[PDB]
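One structure is given here, and the rest of the page talks about it.
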Amino acid sequence: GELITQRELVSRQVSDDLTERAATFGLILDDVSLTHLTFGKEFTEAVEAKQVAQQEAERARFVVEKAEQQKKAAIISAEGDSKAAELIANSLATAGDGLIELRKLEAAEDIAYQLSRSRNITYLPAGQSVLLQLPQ
Amino acid sequence: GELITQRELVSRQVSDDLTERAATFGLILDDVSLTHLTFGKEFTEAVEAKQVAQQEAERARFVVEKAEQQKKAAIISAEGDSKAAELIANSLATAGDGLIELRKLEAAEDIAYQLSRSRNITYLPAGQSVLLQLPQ
Amino acid sequence: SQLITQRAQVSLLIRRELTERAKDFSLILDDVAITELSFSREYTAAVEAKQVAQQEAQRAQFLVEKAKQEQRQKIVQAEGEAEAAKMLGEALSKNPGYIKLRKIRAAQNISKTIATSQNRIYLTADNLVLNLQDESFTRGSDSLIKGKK
Amino acid sequence: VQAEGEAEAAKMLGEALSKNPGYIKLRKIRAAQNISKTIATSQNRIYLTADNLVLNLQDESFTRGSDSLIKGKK
Amino acid sequence: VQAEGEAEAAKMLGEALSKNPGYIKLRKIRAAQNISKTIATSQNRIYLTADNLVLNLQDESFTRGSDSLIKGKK
């Protein structure tokens, strides 16, 4: 950093040193200065990052506000699945084991109407000492 | 080390010895000195390493300061996973076994909606003396 | 390093000795200057790495800050999963109406999407229907009898 | 300094959750979510248990493992 | 001198941990982490148990092995 937060000094030092240098070799360096200049990478690039991410700070500040409004979707894909619970819970609590039961087997249909699209379903009992062996 | 922390002596000794040597063979060595010179590797290279790693010392001194700021990430990938604990712990402690329970089976969905991407899941009961055998 | 750092001293001493070495045999050296210099790397490698890492420290300090604050990102992320838990939680503490219903809309959509799957499913006492008359069937049916449930 | 990070995080996970399994179950279960979301990148052969995919449907095991809702059958 | 090193390390591991299995479990578990991180360089055929990958999901074994959170079912 000091090389170019004070580059005027560095270039002037090199220039007058080289002018007095060429003078001994019979050479009048009427002017001299630093054509090229660089450094390594990360003393170079990290004081850079210092103010880079003082703005990355605002980037994240504001991605926060994006997530605030993203996660409403996670709330709301389930909001209604829950009110349906509100309703049917006190429904068939007082009512009893009517559709507690019978949708099991409107299921059986809608279940395997689709299990047809599957191709390897199988089946066994209980009440015995039932004991499974299965195919490939 | 002594050969060249005092090389002037070594070269001068070889030179005057060789001059008096060639004198007997009718040869005036008007000058002599050590063209080439080396040693082994590690008496050579380890007194070198002595001050090499007095600076490796600073290298590690400063990689320490890099790790200081790396491991904030390990802190902070978990910081919020923990506040969520803050919240829901005293939530459903006073509240009870509501979503203690029901996210198990919003799980069942999000679980196997994805287990579809897997292709070899299987299943058995308990309450019996259930006893497993499994496929290839 | 002391060669790199004090290469001026090195070249000056070299010329100082070499001019008098040559002048013995009637040789006036106007100039004697070092044209090149080499090492393996290690001294200068560590010497460079020290300042590399000294400021790598800074390179990640402001990242510490960035992250201190990218964590209230997650704070707000999962108050979402916590107040949803509020209003699922105070909501359902009576009986398994919809928790079963949702086990079962699971059975619906889960194995609707098992289509995109290739599940090998294997099953149990009374799922597909057919303990039809085994007393296991009828006692697992007489839940309807209020007392056999 | 690496693992004061995993220790003060443990502080504020630790004094935090000593009541009942609200989020510890919820996180078992967001596990069930993201775990087997990423089992996609996997090739897991999973094999399972009493009441996971749903279907003890009327076996008394089903209904007693459902009557946790009955405060006393849990 | 080789194995006073493994003995005073044993001192300060020994007087250190005689309360409860906080980090001994945590280290079983950072084992589960780095062990099977390096099982990558391995070709392990692993075979597993009751509740490791997650899925006794509703079997009472699941929930009683979960209600360790219930202070008394642990």
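Protein chains in written order, with the authors' numbering: chain T, 137 to 272; chain V, 137 to 272; chain U, 151 to 299; chain W, 226 to 299; chain A, 226 to 299. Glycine included, C-beta positions come from ideal geometry on N, C-alpha and C.
(message) To test your reading of the DSSP string, which unbroken beta strand (DSSP E) runs of 3 or more residues are found completely within the region 179 to 247 of chain V?
(response) none
(request) Could you tell me whether any Cβ in chain T is nearer than 8 Å to the Cβ of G247 of chain U? (result) yes
(request) Output the boundary residues of the alpha helix (DSSP H) element that contains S265 of chain T. (result) Neither: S265 of chain T is in no alpha helix (DSSP H) and is coded neither H nor E.
(request) Can you have a look at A210 of chain U and say buried or exposed, based on whether 16 or more other CB atoms are within 10 angstroms of its CB? (result) buried
(request) Quick one: list the residues of chain W neighbouring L273 of chain A, beta-carbon separation under 9 Å, in chain order. (result) Neighbours of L273 of chain A on chain W: none; closest Cβ ~10 Å, over 9 Å.
(message) Please classify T185 of chain U as buried or exposed, where buried requires at least 16 other C-beta atoms within 10 Å of its C-beta.
(response) exposed
(request) Figure out for me which residue from W:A275, W:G230, W:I254 has the closest Cα to the Cα of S286 of chain A. (result) W:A275
(request) Go to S261 of chain A, then tell me how far its alpha helix (DSSP H) extends in each direction, as first and last residue. (result) 247 to 263
(request) With 9 Å as the C-beta to C-beta threshold (strictly closer), list the residues of the region 190 to 204 of chain V near chain U in chain order. (result) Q190, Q191, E192, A193, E194, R195, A196, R197, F198, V199, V200, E201, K202, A203, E204
(request) Please check if any C-beta of chain T sits within less than 8 Å of the C-beta of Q159 of chain U. (result) no
(request) Drop a sphere of 10 angstroms on the beta-carbon of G290 of chain W, count the other beta-carbons inside from all chains shown, and report buried for 16 or more, exposed for fewer. (result) buried
(message) Between which residues of its own chain and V183 of chain V is the CB-CB distance below 6 Å, once the five residues before and five after are set aside?
(response) none
(message) Determine whether the beta carbon atoms of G216 of chain V and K224 of chain U lie at a separation below 8 Å.
(response) yes
(request) Report the neighbours of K262 of chain U on chain B: residues whose CB is nearer than 8 Å to its CB, in chain order. (result) Given the protein chain composition of this structure (T, V, U, W and A), no chain B is represented.
(request) Measure the beta-carbon distance from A214 of chain V to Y248 of chain W and round it to whole angstroms, keeping in mind my assumption that it falls under 8 Å. (result) Contact doesn't hold; Cβ gap of about 14 Å is too wide.
(request) Using a threshold of 8 Å, state whether the C-beta atoms of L273 of chain W and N277 of chain U are closer than that. (result) no
(message) For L154 of chain V and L163 of chain V, what's the separation of their Cα atoms in angstroms?
(response) 10 Å
(request) Could you tell me if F179 of chain V is buried or exposed, where buried requires 16 or more neighbouring beta carbons within 10 angstroms of its beta carbon? (result) exposed
(message) Determine, for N277 of chain A, whether the minimum Cβ-Cβ distance to residues of chain W falls below 8 Å.
(response) no
(request) Would you please verify whether the beta carbon of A262 of chain V is less than 8 Å from any beta carbon of chain A? (result) yes
(message) My output table needs one value for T171 of chain V: the three-state DSSP class, helix, strand or coil.
(response) coil
(request) Return the residue from the list U:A196, U:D284, U:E192, U:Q221 that minimises the CA-CA distance to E192 of chain V. (result) U:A196
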